[PDB]
Amino acid sequence: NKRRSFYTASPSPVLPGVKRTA
Amino acid sequence: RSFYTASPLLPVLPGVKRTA
Amino acid sequence: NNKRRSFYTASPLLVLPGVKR
Amino acid sequence: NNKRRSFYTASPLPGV
Amino acid sequence: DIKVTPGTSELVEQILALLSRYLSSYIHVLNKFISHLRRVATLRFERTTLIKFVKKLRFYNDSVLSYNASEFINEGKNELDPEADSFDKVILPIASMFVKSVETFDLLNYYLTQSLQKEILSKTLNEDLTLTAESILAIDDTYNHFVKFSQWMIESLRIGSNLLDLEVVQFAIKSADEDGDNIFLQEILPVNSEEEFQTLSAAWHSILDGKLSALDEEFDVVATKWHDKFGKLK
Amino acid sequence: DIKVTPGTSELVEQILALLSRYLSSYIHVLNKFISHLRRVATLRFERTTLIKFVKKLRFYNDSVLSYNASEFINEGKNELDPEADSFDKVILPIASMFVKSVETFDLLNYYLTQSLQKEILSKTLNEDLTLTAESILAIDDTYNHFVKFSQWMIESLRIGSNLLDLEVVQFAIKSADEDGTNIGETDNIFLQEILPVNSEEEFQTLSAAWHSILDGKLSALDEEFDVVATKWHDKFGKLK
Amino acid sequence: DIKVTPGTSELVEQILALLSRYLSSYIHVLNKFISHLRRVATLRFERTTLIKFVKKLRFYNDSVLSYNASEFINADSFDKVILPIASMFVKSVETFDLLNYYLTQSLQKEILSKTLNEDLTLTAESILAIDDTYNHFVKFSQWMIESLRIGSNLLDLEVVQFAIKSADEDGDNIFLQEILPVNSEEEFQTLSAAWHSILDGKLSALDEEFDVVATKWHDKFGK
Amino acid sequence: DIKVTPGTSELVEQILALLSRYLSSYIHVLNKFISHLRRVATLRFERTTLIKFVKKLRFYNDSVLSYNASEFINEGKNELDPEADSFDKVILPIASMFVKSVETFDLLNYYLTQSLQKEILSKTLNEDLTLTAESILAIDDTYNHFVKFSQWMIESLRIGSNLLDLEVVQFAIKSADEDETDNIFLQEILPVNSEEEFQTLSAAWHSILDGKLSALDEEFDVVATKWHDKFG
RNA sequence: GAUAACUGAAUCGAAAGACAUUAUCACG
RNA sequence: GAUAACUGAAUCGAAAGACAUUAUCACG
Ligand SMILES: [Mg+2]
Ligand SMILES: [Mg+2]
Ligand SMILES: [Mg+2]
Ligand SMILES: [Mg+2]
Numbered sequence: 339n340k341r342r343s344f345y346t347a348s349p361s362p363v364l365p366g367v368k369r370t371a
Numbered sequence: 342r343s344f345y346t347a348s349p350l351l362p363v364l365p366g367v368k369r370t371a
Numbered sequence: 338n339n340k341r342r343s344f345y346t347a348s349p350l351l363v364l365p366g367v368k369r
Numbered sequence: 338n339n340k341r342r343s344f345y346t347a348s349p364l365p366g367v
Numbered sequence: 006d007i008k009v010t011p012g013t014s015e016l017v018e019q020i021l022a023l024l025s026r027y028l029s030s031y032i033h034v035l036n037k038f039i040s041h042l043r044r045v046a047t048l049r050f051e052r053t054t055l056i057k058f059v060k061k062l063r064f065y066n067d068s069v070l071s072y073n074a075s076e077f078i079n080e081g082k083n084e085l086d087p088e089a090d091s092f093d094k095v096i097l098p099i100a101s102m103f104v105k106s107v108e109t110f111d112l113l114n115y116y117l118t119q120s121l122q123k124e125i126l127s128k129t130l131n132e133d134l135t136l137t138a139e140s141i142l143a144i145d146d147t148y149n150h151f152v153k154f155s156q157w158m159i160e161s162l163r164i165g166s167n168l169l170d171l172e173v174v175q176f177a178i179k180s181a182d183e184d185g192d193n194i195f196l197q198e199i200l201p202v203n204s205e206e207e208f209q210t211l212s213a214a215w216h217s218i219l220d221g222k223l224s225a226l227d228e229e230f231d232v233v234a235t236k237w238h239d240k241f242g243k244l245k
Numbered sequence: 006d007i008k009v010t011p012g013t014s015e016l017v018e019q020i021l022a023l024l025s026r027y028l029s030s031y032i033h034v035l036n037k038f039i040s041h042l043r044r045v046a047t048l049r050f051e052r053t054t055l056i057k058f059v060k061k062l063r064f065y066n067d068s069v070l071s072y073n074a075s076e077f078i079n080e081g082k083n084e085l086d087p088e089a090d091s092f093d094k095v096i097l098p099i100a101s102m103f104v105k106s107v108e109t110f111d112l113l114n115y116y117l118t119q120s121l122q123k124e125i126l127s128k129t130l131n132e133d134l135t136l137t138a139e140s141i142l143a144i145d146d147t148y149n150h151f152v153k154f155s156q157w158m159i160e161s162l163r164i165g166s167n168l169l170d171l172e173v174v175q176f177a178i179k180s181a182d183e184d185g186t187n188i189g190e191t192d193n194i195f196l197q198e199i200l201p202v203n204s205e206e207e208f209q210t211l212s213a214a215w216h217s218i219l220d221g222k223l224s225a226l227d228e229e230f231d232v233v234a235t236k237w238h239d240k241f242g243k244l245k
Numbered sequence: 006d007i008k009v010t011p012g013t014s015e016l017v018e019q020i021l022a023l024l025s026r027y028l029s030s031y032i033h034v035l036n037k038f039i040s041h042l043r044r045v046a047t048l049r050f051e052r053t054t055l056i057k058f059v060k061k062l063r064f065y066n067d068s069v070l071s072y073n074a075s076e077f078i079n089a090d091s092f093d094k095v096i097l098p099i100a101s102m103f104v105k106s107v108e109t110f111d112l113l114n115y116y117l118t119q120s121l122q123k124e125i126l127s128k129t130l131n132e133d134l135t136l137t138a139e140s141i142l143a144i145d146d147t148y149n150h151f152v153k154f155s156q157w158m159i160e161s162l163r164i165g166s167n168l169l170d171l172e173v174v175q176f177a178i179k180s181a182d183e184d185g192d193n194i195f196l197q198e199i200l201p202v203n204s205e206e207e208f209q210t211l212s213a214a215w216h217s218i219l220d221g222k223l224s225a226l227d228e229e230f231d232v233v234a235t236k237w238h239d240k241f242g243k
Numbered sequence: 006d007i008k009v010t011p012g013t014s015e016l017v018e019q020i021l022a023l024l025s026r027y028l029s030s031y032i033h034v035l036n037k038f039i040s041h042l043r044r045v046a047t048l049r050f051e052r053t054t055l056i057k058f059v060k061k062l063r064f065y066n067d068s069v070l071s072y073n074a075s076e077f078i079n080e081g082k083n084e085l086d087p088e089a090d091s092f093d094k095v096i097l098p099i100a101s102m103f104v105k106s107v108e109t110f111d112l113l114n115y116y117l118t119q120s121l122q123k124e125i126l127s128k129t130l131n132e133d134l135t136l137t138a139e140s141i142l143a144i145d146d147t148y149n150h151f152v153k154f155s156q157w158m159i160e161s162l163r164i165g166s167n168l169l170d171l172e173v174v175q176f177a178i179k180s181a182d183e184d190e191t192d193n194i195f196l197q198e199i200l201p202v203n204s205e206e207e208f209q210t211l212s213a214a215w216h217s218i219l220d221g222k223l224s225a226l227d228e229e230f231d232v233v234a235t236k237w238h239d240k241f242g
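Protein chains in written order, with the UniProt record's numbering: chain F, 339 to 349, 361 to 371; chain X, 342 to 351, 362 to 371; chain E, 338 to 351, 363 to 369; chain H, 338 to 349, 364 to 367; chain L, 6 to 185, 192 to 245; chain G, 6 to 245; chain P, 6 to 79, 89 to 185, 192 to 243; chain A, 6 to 184, 190 to 242.
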């Protein structure tokens, strides 16, 4: 969570070809 | 922009004229 | 302690006219 | 001038 | 081996156009910001850092806009030819461009939305040239989706390797192994025809255009904020 | 010329009580701020600077509260007594204390309301422990009036010299000479003329009118220090 | 046309090892710098920027070190096999470009502005080395790509196109010199190993200079 | 009971000249430091704090230099009358100036030699911008002796009160209560009975303090040279 | 005096226009 | 691991109480 803030500065649609619960 | 006050923009006082 | 004394001087440190030990 | 070139370097062969 | 069609050329061009739109949104807002920053003496070197970044984005954009896809695709004749290109071979360098770009945006977004934001407040003692919270949200949302689209293209055609892995995707995976829903961890279904890739691609296209419009809208709001709070006269 | 009365002792004590109230307002709010600042690592040394200041104020306050005025005023016996003290001689060290205090407040206010305010924003990236604009206004308004009251005491009895001059008063004067603002009725409090006083009865009357005004300013100051202490509580002290 | 051999697997692994050495040199010196910077309050956010960069380099390094070349080679064209290696180089090189500007230019100026403390700056010689190594990895990258005629608009390096567009407008420079095509894999291998020798030479000079700066940072701050 | 002479005027002027020398040493070295600091972006507000202090010293210095002592000393219808001024009355505002100045130096020294020194290392890690240990020693040694001289003037003529007490002197005393002496502040001031005696002791103090201010100057010159060589 | 120079194409200006022949900063 | 120590009397806690046997911070 101090490591996770180097990958996004932010603290539910289907996306094509992405199986939803996985 | 002052060393003398942080409020630039600042009724009759005992023993004082209104005059310089 | 010496934090109280550090407000009065920056030193280890502590003959003179009008003065008698 | 050298301000354009300064974005590409901080400075003043085989198969070539 | 899934095979090329005459319609393949335009599918590539359409994918690359998204990338160009993503790059161009940043270049426009950054050009503005860089101009405003010229008037702030204490942000002189941060400004030069931004110029370096924007130049890189601009170059990727010229590269993408000058790429003639047809010049790199051997095409279908009707269907039979064993010297015509694999769809694999054709998507690979497109995907690879996306990866390079996405990793560049990662570096930039951290600088732009985190470090520099803090530095701006520290140095100037105000909010007049910070980004809006909503613009940061949009930036991250757009990034996330382009990362996921990039992963879809690569994993759907099973053309991935250690070298095409995105840092943020591996990080999410390694974090889930150590820890016991997250967009990056969801599974990519393989695709078997080009007709299927095309269909899913155009659905992605619609989603990503949606994200880029939201991004554009938020970049317009901040450019206005910068105008009202810093640029204009007093 | 002007001579002491038995009532002079209490007039001094009353003047000194204002100074003590001024000092004590600062000491209270600064004690709170210093406590809050203990929890901010990046403001560690600024905190020690404030402690150094607050200690100085506290010392001036103990000094003032312990001063027994009667022990330094030789009253007269039935009226005339050629050994009884001049009113001049008696007000002089009181005025002189005010000057020392006022110049201390000047140094502190600049640090507290300007430098440190900027530093707090630079270091913490928020407003949670800055002062309110209104508290700053009050600080400056109170300072201005204590400066003017100090000048009144000194110039009214003609007991001034180069050494009792207040920096802010001379600055206003030198600024008007150079600019040309000393012509006519000025709106600037520091440039307005002090009328001399001729009796102690007159000094007492004017003194008590000043007393009323200054108590008014110190209540406004206290009110604003209560608001900012609350602000510091709500925005920083209280965790979730 | 040109075809793989059983020896191709090791040629790829050897090329990738250079990239790993280049990445690792930076990661080591940056880890040290980031630690020293902990003690400078005014450089707190510049430090976090460097962490972001170093994480990226570290990731490229794990990626490269985990890549088993044989798992991706068969029969395959030599073209097809070099392409993703070249492509990794390009991604890395453009990352280094961004990082070098920050590290050697912006940040250097910022350090002096904020601290006036030249103990925190890089040495001139380390900067020279950085730029010399970059230039040669750029040129090696271009060689691999243009020699096998596998290039495109998308594999163009910013610095190479900038040099070219600058010569057109202006009317000797390493980036503008011509890449000769290669016709056999035996020829690529020969030239590759000659490049390998040169680049190892540059990386040792780089390591030497990173040692010197790290020593300075140790002596002038230390543990 | 203790009266002015025609020589009193010059004794005051001489005392004040020391204070001016003390103020001026600081003003000189601070002017230099404030200039060097102009090139360090992270010390921008500390710099403005120093300016505020140096302005205050500069004002005390102009005040002292422009004070004409004779304009405030009634020598009298020469050496006769109860109209002529008490020596008490004349020294009092001089002593009082010393006290104001000494308490200003106390505030400044803490900032300059302690807080700001730590802040400089925290922000820059650049010891080129710090004071030398020897300059700090000198600063504190000079302060101590001006504090003691100030106390001597006040207690020797028995003109002291709660309002002229120096914070550092009371602190020493309260610390000894809670705890013959080696501590300068606790040692006893002998009363003086003539002006001739005050004058004699005053000039001996004058010699000692000039000695401290030269050592101070010397150390301010060393640190200024360092600042010149390493930046300027 | 110092600082600020991506052919970048933005920025500032209602406009005319401005943009190193410029702009900003600086202890009364 | 690092950082924080005015006998100051505030601060935190509804309270009991807590307050270097503590608190805060961290690619760490
Ligand atoms: Mg920078
Ligand atoms: Mg400080
Ligand atoms: Mg400060
Ligand atoms: Mg930064």
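Cβ atoms here follow ideal geometry from the backbone N, Cα and C, with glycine treated the same way.
Cβ distance (whole Å) where residue i is taken to contact residue j below 8 Å
i      : j      : result
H41/L  : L134/L : 6 Å
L196/P : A177/P : 6 Å
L23/A  : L219/A : 5 Å
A74/L  : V17/L  : 4 Å
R63/A  : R52/A  : Incorrect: roughly 16 Å between the Cβ atoms, too far for contact.
Beta-carbon gap between residue i and residue j smaller than 9 Å
i      : j      : result
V367/F : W157/L : yes
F151/G : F230/G : no
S120/L : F38/P  : no
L171/A : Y27/A  : no
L113/L : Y31/L  : yes
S212/A : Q19/A  : yes
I125/P : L55/P  : no
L21/P  : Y72/P  : yes
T147/A : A225/A : yes
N66/G  : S29/G  : yes
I141/A : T118/A : yes
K61/P  : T109/P : yes
Residue i in three-state terms, based on DSSP
i      : result
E108/G : helix
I32/L  : helix
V367/F : strand
Residue i CB to nearest heavy atom of ligand 1 below 8 Å
i      : result
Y116/P : yes
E51/L  : yes
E139/P : no
Residue i CB to nearest heavy atom of ligand 4 below 8 Å
i      : result
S120/L : yes
Residue i beta carbon near ligand 2 (any heavy atom closer than 8 Å)
i     : result
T54/G : yes
beta-carbon residue i near ligand 3 non-hydrogen atom, thresh 8 Å
i      : result
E132/L : no
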